[PDB]
Structure formats: structure tokens, C-alpha cells
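Peer 1: The structure is given below, and queries will be raised subsequently.
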Amino acid sequence: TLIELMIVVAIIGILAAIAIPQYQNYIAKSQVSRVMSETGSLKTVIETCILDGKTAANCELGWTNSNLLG
Amino acid sequence: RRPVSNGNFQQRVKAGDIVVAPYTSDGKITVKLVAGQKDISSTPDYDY
């Protein structure tokens, strides 16, 4: 029947028009916290070099190529 | 220098004389003594 399809089409229109929560915020928190550990792990080598007395070029970092540009 | 005054050079030229003269230009001689930077020891070692 004709009335059935309008019910079907109305459901599809309502269903596919579902409100989209802002997923953009969650990714940033994951990205910031990931860089937080990446930059925070360098505190150990930086602190040791400063107390050891080594110069800027005399301190070797275990920093590797990482995405998000650090 | 040792420039030789040859008298009337034009006259002997008229005579057709080949002419030479023991001559010196204003020469120069320089001696530079240059000290040398010579390594002897080292101890603080760093690699970059």
C-alpha cells in the first residue's frame, strides 16, 4: 500500500537526521594527552642533564620521530 | 738603483752606436718570520 512507504520513508528521514554530538572535542583531548606523555617523558633526561652540568649540545635525548609534530 | 748617466745619448745615437748600461731597478727584499700555533694537550672531550 501507499501509506506504508510514507511511514517507511518518514522513519528513514527521521533516523538519518539524528543529531551528531561533537566528536571533535574527544579527539583533541586524546591528542593533547598523548603529546602530554610524549613531552612529559622528556622531563627525566632534561632534569638529569641540568643537574649533571652538561651543556645544551652535550645532552643526548632519546627523542624519536613522532606524529602530531610533538 | 744603479742608473747610468750616458752623456749625450742622442749624439752617440746619431753616431749609430749600440748602447748598454749596467742598470738596476729599485728592487726589494722582504723576509717575514711567522710563528706557529702548535697543539700540546687536551682533556675535556665532547661529541655532538
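Please note that chains go A, B, ... in the order of the C-alpha cells, that every chain numbers its residues from 1, and that ligands are numbered from 1 in the order shown.
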Please report as a VMD selection string which residues of chain B come no farther than 9 Å from chain A, using only C-alpha atoms.
Peer 2: chain B and resid 46 to 48
Peer 1: As a PyMOL selection string, which residues of chain B does DSSP assign to helix (DSSP H, G or I)?
Peer 2: chain B and resi 9-14
Peer 1: Write out as a list in words the residues lying within 12 Å of residue 22 (chain B), counting only C-alpha atoms and excluding same-chain residues fewer than 4 positions away.
Peer 2: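 Residues meeting the cut-off are residues 1, 2, 3, 4, 5 and 6 of chain B.
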Peer 1: How many Å lie between CA of residue 45 (chain A) and CA of residue 63 (chain A), rounded to one decimal?
Peer 2: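 That distance, rounded to one decimal, is 10.1 Å.
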Peer 1: Can you work out the spacing between CA of residue 3 (chain A) and CA of residue 18 (chain A) in Å, to one decimal?
Peer 2: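 We find that CA of residue 3 (chain A) and CA of residue 18 (chain A) lie 23.3 Å from each other.
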Peer 1: Find the spatial neighbours of residue 31 (chain A), counting only C-alpha atoms, within a cut-off of 12 Å - ignore same-chain residues fewer than 6 positions away - and output them as an MDAnalysis selection string.
Peer 2: chainID A and resid 24:25 37:38 67:70
